[PDB]
Amino acid sequence: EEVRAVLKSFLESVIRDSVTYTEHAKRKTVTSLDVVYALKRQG
DNA sequence: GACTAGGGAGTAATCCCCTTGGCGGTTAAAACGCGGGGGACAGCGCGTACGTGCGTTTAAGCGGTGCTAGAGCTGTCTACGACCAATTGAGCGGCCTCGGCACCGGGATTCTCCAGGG
């Protein structure tokens with residue numbers, strides 16, 4: 001249950017950043033560059 | 001044309017305020033030490049909550065398919081942004097307050113310890 005909580009607290013952000021990338025991409029399809037760009041900001 | 005008179009600069013003396021070192025006096029913070037006690041931790045017991053073996057199924061990968069709506073590039077124009085300065089006012093550079101902040105006292109209030117009995 002705890003690891004379920006931590007994944008719910010991690011993946012929602014690592015897909016919300018991709019959502020913002022799609023918003024600032026005029027693009028309905030997630031691509032590798034956009035998702036990796038939104039992802040690497042974690043560290 | 002020859003020499004005369006006066007004042008700010010050239011030379012110089014006065015003042016004098018400004019600091020370099022060392023040394024002594026004195027308060028505050030840091031430095032050191034003890035009695036004792038509360039925090040750290042061993043020894044241990046256990047139970048119950050997982051560590052593990054095996055039966056019996058749903059499900060991701062498998063193997064393939066038929067396309068379908070969103071993504072990349074091809075012109076093309078045109079609304080707009082980076083190119084001089086006048087401006088003139090939005091705002092900063094320097095000064096002068098009295099007020100909120102600084103901070104401590106008298107007191108009410110509150111937080112804590114004990115040796116006993118209750």
# chains A, B, ... in the order shown; residues from 1 in each chain; ligands from 1
>>> closest_atom_pairs(of="chain B", to="chain A", cutoff="12 Å", atoms="only C-alpha atoms (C1' of nucleotides)", output="Markdown table")
| residue | atom | partner | partner_atom | distance |
| --- | --- | --- | --- | --- |
| B:69 | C1' | A:28 | CA | 11.1 |
| B:70 | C1' | A:28 | CA | 7.5 |
| B:71 | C1' | A:29 | CA | 8.1 |
| B:72 | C1' | A:27 | CA | 12.0 |
>>> write_last_selection(atoms="N, CA and C atoms (P, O5', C5', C4', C3', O3' and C1' of nucleotides)", output="tab-separated table (two decimals), in the first residue's frame")
chain	number	residue	atom	x	y	z
B	69	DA	P	-11.17	8.33	-38.81
B	69	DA	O5'	-10.46	9.46	-37.92
B	69	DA	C5'	-10.21	9.22	-36.54
B	69	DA	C4'	-8.84	9.73	-36.14
B	69	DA	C3'	-8.63	11.23	-36.34
B	69	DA	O3'	-7.77	11.74	-35.32
B	69	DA	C1'	-7.07	10.05	-37.63
B	70	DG	P	-7.84	13.29	-34.89
B	70	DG	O5'	-6.33	13.65	-34.51
B	70	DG	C5'	-5.65	12.88	-33.53
B	70	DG	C4'	-4.20	12.66	-33.93
B	70	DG	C3'	-3.37	13.93	-34.13
B	70	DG	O3'	-2.04	13.70	-33.69
B	70	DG	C1'	-3.34	12.69	-36.10
B	71	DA	P	-1.07	14.93	-33.36
B	71	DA	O5'	0.19	14.70	-34.33
B	71	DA	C5'	1.20	13.75	-33.99
B	71	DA	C4'	2.26	13.67	-35.07
B	71	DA	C3'	2.96	14.99	-35.41
B	71	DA	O3'	4.28	14.73	-35.88
B	71	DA	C1'	1.75	14.27	-37.28
B	72	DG	P	5.44	15.83	-35.69
B	72	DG	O5'	6.05	16.01	-37.16
B	72	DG	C5'	6.84	14.98	-37.74
B	72	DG	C4'	7.18	15.29	-39.19
B	72	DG	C3'	7.66	16.72	-39.45
B	72	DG	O3'	8.71	16.72	-40.40
B	72	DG	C1'	5.74	16.29	-40.76
>>> select_by_dssp(residues="chain A", states="alpha helix (DSSP H)", output="PyMOL selection string")
chain A and resi 2-23+32-39
>>> atom_distance(atom1="CA of residue 31 in chain A", atom2="CA of residue 7 in chain A")
22.3 Å
>>> residues_around(residues="residue 37 in chain A", least_positions_apart="5", cutoff="9 Å", atoms="only C-alpha atoms (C1' of nucleotides)", output="ChimeraX atom specification")
/A:17-18,21,32
>>> write_last_selection(atoms="C-alpha atoms", output="PDB file, in the first residue's frame")
ATOM      1  CA  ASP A  17       4.800  17.401 -16.811  1.00  0.00           C
ATOM      2  CA  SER A  18       4.186  15.537 -20.077  1.00  0.00           C
ATOM      3  CA  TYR A  21       4.547  19.505 -22.656  1.00  0.00           C
ATOM      4  CA  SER A  32       9.891  10.807 -26.890  1.00  0.00           C
TER       5      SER A  32
END
>>> atom_distance(atom1="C1' of residue 56 in chain B", atom2="CA of residue 3 in chain A")
28.7 Å
>>> atom_distance(atom1="CA of residue 6 in chain A", atom2="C1' of residue 49 in chain B")
23.8 Å
>>> residues_around(residues="residue 33 in chain A", least_positions_apart="5", cutoff="12 Å", atoms="only C-alpha atoms (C1' of nucleotides)", output="PyMOL selection string")
chain A and resi 18+21-22+25+38-40
